[PDB]
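Below is work-v1.cif, holding mmCIF, C-alpha atoms and all ligand atoms.
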```cif
data_upload
loop_
_atom_site.group_PDB
_atom_site.id
_atom_site.type_symbol
_atom_site.label_atom_id
_atom_site.label_comp_id
_atom_site.auth_asym_id
_atom_site.auth_seq_id
_atom_site.Cartn_x
_atom_site.Cartn_y
_atom_site.Cartn_z
ATOM 1 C CA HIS A 3 0.000 0.000 0.000
ATOM 2 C CA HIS A 4 1.029 3.445 -1.290
ATOM 3 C CA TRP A 5 -0.741 4.958 -4.382
ATOM 4 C CA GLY A 6 -2.300 2.675 -6.983
ATOM 5 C CA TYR A 7 -5.330 2.406 -9.278
ATOM 6 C CA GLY A 8 -7.948 0.840 -6.909
ATOM 7 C CA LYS A 9 -11.019 2.440 -5.242
ATOM 8 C CA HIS A 10 -8.935 3.247 -2.129
ATOM 9 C CA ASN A 11 -5.607 4.510 -3.548
ATOM 10 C CA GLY A 12 -6.524 5.362 -7.216
ATOM 11 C CA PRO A 13 -6.266 8.701 -9.054
ATOM 12 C CA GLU A 14 -8.970 10.451 -6.967
ATOM 13 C CA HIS A 15 -6.834 9.923 -3.858
ATOM 14 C CA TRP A 16 -3.415 10.936 -5.318
ATOM 15 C CA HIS A 17 -3.748 14.560 -4.294
ATOM 16 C CA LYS A 18 -3.418 13.893 -0.517
ATOM 17 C CA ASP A 19 0.198 12.736 -0.928
ATOM 18 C CA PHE A 20 1.006 14.725 -4.091
ATOM 19 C CA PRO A 21 -0.859 18.068 -3.936
ATOM 20 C CA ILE A 22 0.375 19.022 -7.394
ATOM 21 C CA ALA A 23 -2.311 16.472 -8.603
ATOM 22 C CA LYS A 24 -4.579 19.551 -8.680
ATOM 23 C CA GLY A 25 -2.021 21.873 -10.315
ATOM 24 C CA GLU A 26 -2.154 23.956 -13.443
ATOM 25 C CA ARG A 27 -0.340 21.676 -15.896
ATOM 26 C CA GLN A 28 -1.581 18.103 -15.107
ATOM 27 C CA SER A 29 -1.773 15.231 -17.526
ATOM 28 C CA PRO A 30 -3.303 13.522 -19.263
ATOM 29 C CA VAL A 31 -5.941 15.706 -21.005
ATOM 30 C CA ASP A 32 -8.656 15.360 -23.531
ATOM 31 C CA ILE A 33 -7.420 16.469 -26.970
ATOM 32 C CA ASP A 34 -10.214 18.535 -28.520
ATOM 33 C CA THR A 35 -9.089 18.180 -32.167
ATOM 34 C CA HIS A 36 -11.202 21.107 -33.279
ATOM 35 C CA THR A 37 -9.744 23.448 -30.682
ATOM 36 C CA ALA A 38 -6.021 22.465 -31.152
ATOM 37 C CA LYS A 39 -4.320 25.095 -33.247
ATOM 38 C CA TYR A 40 -2.409 24.129 -36.367
ATOM 39 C CA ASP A 41 1.087 25.519 -35.920
ATOM 40 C CA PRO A 42 3.057 25.871 -39.243
ATOM 41 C CA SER A 43 6.153 26.866 -37.231
ATOM 42 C CA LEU A 44 6.501 23.380 -35.610
ATOM 43 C CA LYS A 45 9.466 21.284 -36.817
ATOM 44 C CA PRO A 46 9.006 17.682 -37.783
ATOM 45 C CA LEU A 47 9.701 15.385 -34.923
ATOM 46 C CA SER A 48 13.032 13.634 -35.106
ATOM 47 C CA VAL A 49 13.039 10.165 -33.654
ATOM 48 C CA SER A 50 16.415 8.550 -33.933
ATOM 49 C CA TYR A 51 16.264 5.154 -32.299
ATOM 50 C CA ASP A 52 18.749 3.611 -34.734
ATOM 51 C CA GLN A 53 21.221 2.768 -31.913
ATOM 52 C CA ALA A 54 18.766 2.125 -29.048
ATOM 53 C CA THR A 55 19.975 -0.339 -26.365
ATOM 54 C CA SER A 56 17.295 -2.047 -24.261
ATOM 55 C CA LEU A 57 18.550 -3.651 -21.057
ATOM 56 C CA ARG A 58 15.664 -4.901 -18.998
ATOM 57 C CA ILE A 59 12.011 -5.252 -18.527
ATOM 58 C CA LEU A 60 10.441 -4.663 -15.159
ATOM 59 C CA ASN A 61 7.066 -5.023 -13.427
ATOM 60 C CA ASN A 62 7.050 -2.142 -10.937
ATOM 61 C CA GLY A 63 3.605 -2.880 -9.525
ATOM 62 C CA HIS A 64 1.943 -0.191 -11.693
ATOM 63 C CA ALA A 65 2.929 -1.136 -15.249
ATOM 64 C CA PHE A 66 5.925 -2.709 -16.902
ATOM 65 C CA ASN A 67 8.852 -0.694 -18.058
ATOM 66 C CA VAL A 68 11.225 -1.603 -20.785
ATOM 67 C CA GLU A 69 14.442 0.284 -19.818
ATOM 68 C CA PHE A 70 17.187 1.502 -22.101
ATOM 69 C CA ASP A 71 20.837 2.322 -21.634
ATOM 70 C CA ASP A 72 20.745 6.114 -21.582
ATOM 71 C CA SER A 73 24.407 6.682 -20.687
ATOM 72 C CA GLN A 74 25.150 7.846 -24.293
ATOM 73 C CA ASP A 75 23.250 9.672 -27.048
ATOM 74 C CA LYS A 76 21.909 6.485 -28.683
ATOM 75 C CA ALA A 77 18.090 6.851 -28.943
ATOM 76 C CA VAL A 78 17.122 10.489 -29.049
ATOM 77 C CA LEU A 79 14.065 12.608 -29.645
ATOM 78 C CA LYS A 80 14.516 16.154 -30.962
ATOM 79 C CA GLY A 81 12.784 18.664 -33.192
ATOM 80 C CA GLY A 82 9.010 18.976 -32.992
ATOM 81 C CA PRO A 83 8.336 21.557 -30.227
ATOM 82 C CA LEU A 84 11.567 20.650 -28.437
ATOM 83 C CA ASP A 85 14.749 22.777 -27.958
ATOM 84 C CA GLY A 86 17.773 20.519 -27.539
ATOM 85 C CA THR A 87 18.021 16.745 -27.287
ATOM 86 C CA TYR A 88 16.132 14.265 -25.137
ATOM 87 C CA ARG A 89 17.367 10.716 -24.384
ATOM 88 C CA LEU A 90 15.178 7.573 -24.266
ATOM 89 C CA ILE A 91 15.193 6.029 -20.827
ATOM 90 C CA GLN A 92 12.149 3.704 -20.787
ATOM 91 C CA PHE A 93 8.809 2.918 -22.288
ATOM 92 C CA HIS A 94 5.677 1.538 -20.711
ATOM 93 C CA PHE A 95 1.938 1.306 -21.474
ATOM 94 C CA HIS A 96 -1.367 2.170 -19.778
ATOM 95 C CA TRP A 97 -4.272 -0.170 -20.560
ATOM 96 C CA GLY A 98 -7.856 -1.145 -19.775
ATOM 97 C CA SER A 99 -9.830 -4.100 -18.382
ATOM 98 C CA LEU A 100 -11.761 -3.938 -21.691
ATOM 99 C CA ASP A 101 -10.914 -2.630 -25.196
ATOM 100 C CA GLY A 102 -13.295 0.257 -24.619
ATOM 101 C CA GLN A 103 -10.867 2.034 -22.280
ATOM 102 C CA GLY A 104 -7.203 2.120 -21.267
ATOM 103 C CA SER A 105 -5.662 5.260 -22.829
ATOM 104 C CA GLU A 106 -4.736 8.245 -20.671
ATOM 105 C CA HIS A 107 -5.135 10.942 -23.315
ATOM 106 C CA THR A 108 -8.432 10.935 -25.123
ATOM 107 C CA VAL A 109 -9.183 12.443 -28.593
ATOM 108 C CA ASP A 110 -12.577 14.239 -28.592
ATOM 109 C CA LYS A 111 -13.457 12.142 -25.591
ATOM 110 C CA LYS A 112 -12.568 8.916 -27.435
ATOM 111 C CA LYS A 113 -10.661 6.343 -25.257
ATOM 112 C CA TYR A 114 -8.242 3.935 -26.935
ATOM 113 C CA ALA A 115 -7.641 0.409 -25.678
ATOM 114 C CA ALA A 116 -4.192 1.441 -24.529
ATOM 115 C CA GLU A 117 -1.461 4.083 -24.639
ATOM 116 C CA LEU A 118 2.329 3.713 -25.081
ATOM 117 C CA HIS A 119 4.718 6.269 -23.385
ATOM 118 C CA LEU A 120 8.275 6.572 -24.702
ATOM 119 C CA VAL A 121 9.947 8.672 -21.991
ATOM 120 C CA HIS A 122 12.959 10.895 -22.784
ATOM 121 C CA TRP A 123 14.965 13.274 -20.619
ATOM 122 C CA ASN A 124 16.514 16.591 -21.534
ATOM 123 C CA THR A 125 20.330 15.928 -21.985
ATOM 124 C CA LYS A 127 21.049 19.468 -20.561
ATOM 125 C CA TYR A 128 20.055 18.242 -17.079
ATOM 126 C CA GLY A 129 22.527 15.340 -17.140
ATOM 127 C CA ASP A 130 20.203 12.681 -15.771
ATOM 128 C CA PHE A 131 16.547 11.650 -15.402
ATOM 129 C CA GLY A 132 16.335 12.397 -11.654
ATOM 130 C CA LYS A 133 17.448 15.990 -12.292
ATOM 131 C CA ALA A 134 15.345 16.492 -15.444
ATOM 132 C CA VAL A 135 12.057 15.689 -13.638
ATOM 133 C CA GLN A 136 12.717 18.683 -11.436
ATOM 134 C CA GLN A 137 12.576 20.989 -14.431
ATOM 135 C CA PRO A 138 9.696 22.431 -16.399
ATOM 136 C CA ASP A 139 11.234 21.212 -19.674
ATOM 137 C CA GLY A 140 12.927 18.128 -18.258
ATOM 138 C CA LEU A 141 11.033 15.375 -20.048
ATOM 139 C CA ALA A 142 9.518 14.763 -23.483
ATOM 140 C CA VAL A 143 7.073 11.848 -23.528
ATOM 141 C CA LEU A 144 5.910 10.555 -26.935
ATOM 142 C CA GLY A 145 2.387 9.066 -26.527
ATOM 143 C CA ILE A 146 1.075 6.565 -29.097
ATOM 144 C CA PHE A 147 -2.474 5.172 -28.964
ATOM 145 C CA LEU A 148 -3.234 1.477 -29.395
ATOM 146 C CA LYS A 149 -6.455 0.133 -30.875
ATOM 147 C CA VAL A 150 -7.426 -3.535 -31.253
ATOM 148 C CA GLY A 151 -7.364 -5.061 -34.741
ATOM 149 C CA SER A 152 -4.279 -6.604 -36.461
ATOM 150 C CA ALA A 153 -1.267 -7.701 -34.438
ATOM 151 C CA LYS A 154 1.753 -5.379 -34.200
ATOM 152 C CA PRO A 155 4.644 -7.776 -35.002
ATOM 153 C CA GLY A 156 7.182 -5.472 -33.306
ATOM 154 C CA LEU A 157 5.313 -5.685 -30.013
ATOM 155 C CA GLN A 158 5.321 -9.470 -29.854
ATOM 156 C CA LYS A 159 8.717 -9.792 -28.205
ATOM 157 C CA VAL A 160 7.455 -7.644 -25.375
ATOM 158 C CA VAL A 161 4.248 -9.613 -24.959
ATOM 159 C CA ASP A 162 6.117 -12.902 -24.947
ATOM 160 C CA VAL A 163 8.390 -11.980 -21.998
ATOM 161 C CA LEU A 164 5.435 -10.904 -19.747
ATOM 162 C CA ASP A 165 4.963 -14.442 -18.303
ATOM 163 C CA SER A 166 8.399 -14.061 -16.686
ATOM 164 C CA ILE A 167 7.570 -10.711 -14.941
ATOM 165 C CA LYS A 168 4.107 -11.456 -13.794
ATOM 166 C CA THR A 169 4.190 -9.885 -10.335
ATOM 167 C CA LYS A 170 5.439 -6.652 -8.703
ATOM 168 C CA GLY A 171 9.228 -6.411 -8.581
ATOM 169 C CA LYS A 172 10.160 -9.089 -11.104
ATOM 170 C CA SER A 173 12.525 -8.074 -13.813
ATOM 171 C CA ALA A 174 14.149 -9.796 -16.711
ATOM 172 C CA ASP A 175 16.804 -9.265 -19.259
ATOM 173 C CA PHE A 176 15.539 -7.562 -22.353
ATOM 174 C CA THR A 177 18.190 -6.843 -24.885
ATOM 175 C CA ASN A 178 18.119 -5.801 -28.560
ATOM 176 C CA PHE A 179 14.484 -4.707 -28.480
ATOM 177 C CA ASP A 180 13.907 -2.247 -31.265
ATOM 178 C CA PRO A 181 11.410 0.470 -30.231
ATOM 179 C CA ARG A 182 10.990 1.512 -33.868
ATOM 180 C CA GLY A 183 8.747 -1.474 -34.327
ATOM 181 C CA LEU A 184 6.154 0.335 -32.109
ATOM 182 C CA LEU A 185 5.701 3.541 -34.154
ATOM 183 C CA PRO A 186 2.820 4.156 -36.523
ATOM 184 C CA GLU A 187 3.493 5.378 -40.119
ATOM 185 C CA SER A 188 2.855 9.086 -39.637
ATOM 186 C CA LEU A 189 4.601 11.297 -37.100
ATOM 187 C CA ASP A 190 1.756 13.866 -37.092
ATOM 188 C CA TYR A 191 1.283 14.922 -33.414
ATOM 189 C CA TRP A 192 -0.376 17.209 -30.875
ATOM 190 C CA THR A 193 1.769 18.872 -28.225
ATOM 191 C CA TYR A 194 1.048 20.633 -24.952
ATOM 192 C CA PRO A 195 2.796 21.229 -21.650
ATOM 193 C CA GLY A 196 1.899 18.895 -18.744
ATOM 194 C CA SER A 197 3.050 16.308 -16.234
ATOM 195 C CA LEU A 198 3.933 12.768 -15.219
ATOM 196 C CA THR A 199 0.676 10.902 -15.138
ATOM 197 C CA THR A 200 1.626 8.893 -12.077
ATOM 198 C CA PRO A 201 2.838 10.195 -8.738
ATOM 199 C CA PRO A 202 4.916 12.271 -8.175
ATOM 200 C CA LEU A 203 2.910 13.957 -10.978
ATOM 201 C CA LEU A 204 5.758 16.433 -11.569
ATOM 202 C CA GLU A 205 5.017 19.145 -13.985
ATOM 203 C CA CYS A 206 8.138 18.493 -16.114
ATOM 204 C CA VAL A 207 6.753 17.103 -19.422
ATOM 205 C CA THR A 208 6.384 18.296 -23.023
ATOM 206 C CA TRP A 209 3.793 15.824 -24.251
ATOM 207 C CA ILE A 210 4.050 14.766 -27.915
ATOM 208 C CA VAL A 211 0.910 12.688 -28.718
ATOM 209 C CA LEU A 212 0.853 11.032 -32.117
ATOM 210 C CA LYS A 213 -2.373 11.418 -34.161
ATOM 211 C CA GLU A 214 -2.070 7.904 -35.706
ATOM 212 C CA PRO A 215 -2.701 4.905 -33.424
ATOM 213 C CA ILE A 216 -1.018 1.614 -33.833
ATOM 214 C CA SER A 217 -3.159 -1.433 -34.014
ATOM 215 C CA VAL A 218 -2.421 -4.435 -31.776
ATOM 216 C CA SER A 219 -4.330 -7.750 -31.570
ATOM 217 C CA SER A 220 -6.889 -8.712 -28.937
ATOM 218 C CA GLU A 221 -4.491 -11.580 -28.014
ATOM 219 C CA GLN A 222 -1.582 -9.089 -27.538
ATOM 220 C CA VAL A 223 -3.592 -6.773 -25.228
ATOM 221 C CA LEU A 224 -5.064 -9.882 -23.487
ATOM 222 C CA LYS A 225 -1.543 -10.722 -22.395
ATOM 223 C CA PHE A 226 -1.012 -7.230 -20.796
ATOM 224 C CA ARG A 227 -4.184 -8.032 -18.747
ATOM 225 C CA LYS A 228 -2.659 -11.189 -17.272
ATOM 226 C CA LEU A 229 -0.040 -9.205 -15.443
ATOM 227 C CA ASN A 230 -0.322 -8.519 -11.704
ATOM 228 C CA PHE A 231 -0.367 -5.367 -9.499
ATOM 229 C CA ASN A 232 0.434 -7.494 -6.320
ATOM 230 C CA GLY A 233 3.714 -9.237 -5.513
ATOM 231 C CA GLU A 234 4.372 -13.020 -5.812
ATOM 232 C CA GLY A 235 2.399 -15.031 -3.221
ATOM 233 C CA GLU A 236 -0.002 -12.131 -2.458
ATOM 234 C CA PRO A 237 -3.707 -12.029 -3.332
ATOM 235 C CA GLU A 238 -4.118 -11.747 -7.123
ATOM 236 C CA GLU A 239 -5.076 -8.293 -8.475
ATOM 237 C CA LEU A 240 -4.947 -8.179 -12.291
ATOM 238 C CA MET A 241 -2.894 -5.260 -13.649
ATOM 239 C CA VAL A 242 -5.698 -3.553 -15.594
ATOM 240 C CA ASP A 243 -7.057 -0.029 -15.760
ATOM 241 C CA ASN A 244 -3.714 1.482 -14.762
ATOM 242 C CA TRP A 245 -4.613 4.842 -16.453
ATOM 243 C CA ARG A 246 -5.276 8.292 -14.978
ATOM 244 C CA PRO A 247 -8.300 9.985 -16.431
ATOM 245 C CA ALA A 248 -8.258 13.346 -18.260
ATOM 246 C CA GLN A 249 -7.434 16.295 -16.106
ATOM 247 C CA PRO A 250 -8.728 19.849 -16.599
ATOM 248 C CA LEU A 251 -6.861 21.709 -19.396
ATOM 249 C CA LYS A 252 -7.015 25.061 -17.585
ATOM 250 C CA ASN A 253 -4.770 27.741 -19.033
ATOM 251 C CA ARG A 254 -3.160 25.635 -21.857
ATOM 252 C CA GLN A 255 -3.245 25.313 -25.631
ATOM 253 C CA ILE A 256 -2.794 22.144 -27.534
ATOM 254 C CA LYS A 257 -0.878 22.731 -30.763
ATOM 255 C CA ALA A 258 -1.033 20.433 -33.810
ATOM 256 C CA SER A 259 1.793 19.715 -36.265
ATOM 257 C CA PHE A 260 -0.671 19.072 -39.121
ATOM 258 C CA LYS A 261 -3.873 20.411 -40.776
HETATM 259 N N1 LIG A 301 -2.524 9.538 -1.779
HETATM 260 S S1 LIG A 301 -2.116 8.002 -2.053
HETATM 261 O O1 LIG A 301 -2.856 7.424 -3.173
HETATM 262 O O2 LIG A 301 -0.697 7.956 -2.229
HETATM 263 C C1 LIG A 301 -2.488 6.939 -0.829
HETATM 264 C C2 LIG A 301 -1.565 6.182 -0.098
HETATM 265 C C3 LIG A 301 -2.224 5.352 0.828
HETATM 266 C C4 LIG A 301 -3.627 5.429 0.816
HETATM 267 S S2 LIG A 301 -4.125 6.591 -0.416
HETATM 268 N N1 LIG A 302 3.285 7.959 -17.446
HETATM 269 S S1 LIG A 302 4.390 9.048 -17.694
HETATM 270 O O1 LIG A 302 5.017 8.858 -19.012
HETATM 271 O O2 LIG A 302 3.859 10.398 -17.530
HETATM 272 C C1 LIG A 302 5.648 8.836 -16.601
HETATM 273 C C2 LIG A 302 5.588 8.681 -15.218
HETATM 274 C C3 LIG A 302 6.860 8.555 -14.600
HETATM 275 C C4 LIG A 302 7.946 8.611 -15.487
HETATM 276 S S2 LIG A 302 7.283 8.817 -17.056
HETATM 277 ZN ZN ZN A 303 2.818 6.613 -18.818
#
```
How does this structure look as structure tokens?
Ligand SMILES: NS(=O)(=O)c1cccs1
Ligand SMILES: NS(=O)(=O)c1cccs1
Ligand SMILES: [Zn+2]
Amino acid sequence: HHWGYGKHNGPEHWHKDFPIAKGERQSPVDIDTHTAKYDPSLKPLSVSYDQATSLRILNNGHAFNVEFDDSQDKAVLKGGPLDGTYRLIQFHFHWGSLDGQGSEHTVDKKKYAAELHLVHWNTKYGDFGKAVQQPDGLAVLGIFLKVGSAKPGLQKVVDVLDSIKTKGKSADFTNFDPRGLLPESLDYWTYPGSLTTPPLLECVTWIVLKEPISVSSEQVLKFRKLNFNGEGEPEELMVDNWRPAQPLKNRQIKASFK
């Protein structure tokens, strides 16, 4: 016990330990596609994951993280709305108990079955732990998942999940290529916001891709077999680990495309 997604420690409770839950730049938000302004001055996003080095995959009791070696400039995000260079540290997903829900961002109130977060930290702050303390410390690239055809490049991730079923298990996870998770287009919306889990730090430039990837019902079924609890504790399925949309307040969502 600590924060979680249940009725007693879920998102509606987070504020009591992390008062910034109710701040002015919280995530996720609903993306009102008609209100987002086209911005012709935005650069194309630059995703260079050519030399990415995955190390490990971890169940942390909230989701699973695939972690990358971020000790050199190997997998970087740049361009788009970003000044400077951000390094890939980890990716994880948020998903639902049913296909009808699971994403954190919504697009005109539409919920996707899941959402991928590729998390990068601003190289000028030297590490992740320092970047999160800064208003432009992180750039998270969000990609929606819908259920239809399998994504072949996600299969290696779904196959290792049996080995990390419960909170705290980890496993070796080398030579995973994150480029196999990206849709065709790099069209995106961008707005300033926060971590979507405690400590909810307001340190993120959110880059949310317009085009979802499609994954198979069998692939997302396997996410749903993971556990929130630790090994030899009562079984709580890891499902519905998403924060709902937070008020937009004084913020504009820009679009890279018309
Ligand atoms: N605010 S909280 O979700 O971190 C919490 C911890 C214990 C009960 S509720
Ligand atoms: N879900 S998220 O991408 O906003 C995040 C939380 C903590 C590190 S990255
Ligand atoms: Zn996330």
For this session: Give the residues close to ligand ZN 303 (chain A), within 7 Å, counting all atoms listed in the file; write them as a list in words.
Result: residues 94, 95, 96, 118, 119 and 199 of chain A
For this session: Let me know the residues the PyMOL selection byres (((chain A and resi 203-218) around 6) and not hetatm) catches in the file above, as JSON, numbers by chain.
Result: {"A": [135, 137, 138, 139, 140, 141, 142, 143, 144, 145, 146, 147, 148, 149, 150, 151, 152, 153, 154, 186, 190, 191, 192, 193, 194, 195, 196, 197, 198, 199, 200, 201, 202, 219]}
Problem set entry | For ligand LIG 302 (chain A), the nearest of the candidates A:226, A:245, A:70, A:128, counting only C-alpha atoms and all ligand atoms |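 Of A:226, A:245, A:70, A:128, the one nearest ligand LIG 302 (chain A) is A:245, counting only C-alpha atoms and all ligand atoms.
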For this session: Could you tell me which residues the PyMOL selection byres (((chain A and resi 25) around 12) and not hetatm) grabs in this file, written as an MDAnalysis selection string?
Result: chainID A and resid 17 20:24 26:29 196:198 203:205 249:253
Problem set entry | Evaluate the PyMOL selection byres (((chain A and resi 8-13) around 9) and not hetatm) and report residues as a VMD selection string | chain A and resid 3 to 7 14 to 17 23 200 243 to 247
Convert the current residue selection to file output with C-alpha atoms, as a CSV table (one decimal), in the coordinates of the input.
```csv
chain,number,residue,atom,x,y,z
A,3,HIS,CA,0.0,0.0,0.0
A,4,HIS,CA,1.0,3.4,-1.3
A,5,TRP,CA,-0.7,5.0,-4.4
A,6,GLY,CA,-2.3,2.7,-7.0
A,7,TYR,CA,-5.3,2.4,-9.3
A,14,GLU,CA,-9.0,10.5,-7.0
A,15,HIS,CA,-6.8,9.9,-3.9
A,16,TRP,CA,-3.4,10.9,-5.3
A,17,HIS,CA,-3.7,14.6,-4.3
A,23,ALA,CA,-2.3,16.5,-8.6
A,200,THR,CA,1.6,8.9,-12.1
A,243,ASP,CA,-7.1,0.0,-15.8
A,244,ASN,CA,-3.7,1.5,-14.8
A,245,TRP,CA,-4.6,4.8,-16.5
A,246,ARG,CA,-5.3,8.3,-15.0
A,247,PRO,CA,-8.3,10.0,-16.4
```
Problem set entry | Residue neighbourhood residue 172 in chain A, 7 Å, all atoms listed in the file, exclusion window fewer than 4 positions, as number ranges by chain | A: 60-61, 167
Listed atoms of ligand LIG 302 (chain A) boxed axis-aligned with 6 Å per side, centre + edges as AutoDock Vina command-line options:
```
--center_x 5.6 --center_y 9.2 --center_z -16.8 --size_x 16.7 --size_y 14.4 --size_z 16.4
```
For this session: For CA of residue 45 in chain A and CA of residue 115 in chain A, determine how far apart the two atoms are, in Å to one decimal place.
Result: 29.2 Å
